[PDB]
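S.K.: Attaching a single structure in structure tokens format; questions to follow.
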Amino acid sequence: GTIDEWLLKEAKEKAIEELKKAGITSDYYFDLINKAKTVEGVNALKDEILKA
């Protein structure tokens with residue numbers, strides 16, 4: 001709703017694109033970045049998956 005949430009909304013979508021390239025399909029962990037009401041969360045959560 002907010003500008004910060006709009007940026008975070010973009011952060012959520014943009015970040016996982018790498019995981020899609022990485023062959024990751026786990027919807028579970030993709031959900032966690034949606035729980036990641038912070039931008040730092042989305043990166044921190046994914047970090048484990050990206051470096052899996």
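Each chain of the structure tokens is named A, B, ... in the order shown, its residues numbered from 1; ligands are numbered from 1 in display order.
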Per DSSP on the backbone, what are the alpha helix (DSSP H) residues of chain A, as an MDAnalysis selection string?

M.R.: chainID A and resid 3:22 27:35 39:50

S.K.: Give me the residues near region 21-35 of chain A as a list in words, where near means some atom within 10 Å (using only C-alpha atoms) and where sequence neighbours in that chain fewer than 4 positions away do not count.

M.R.: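 In the requested form, the answer reads residues 8, 9, 11, 12, 13, 15, 16, 17, 39, 40, 41, 42, 43, 44, 45, 46, 48, 49, 50, 51 and 52 of chain A.
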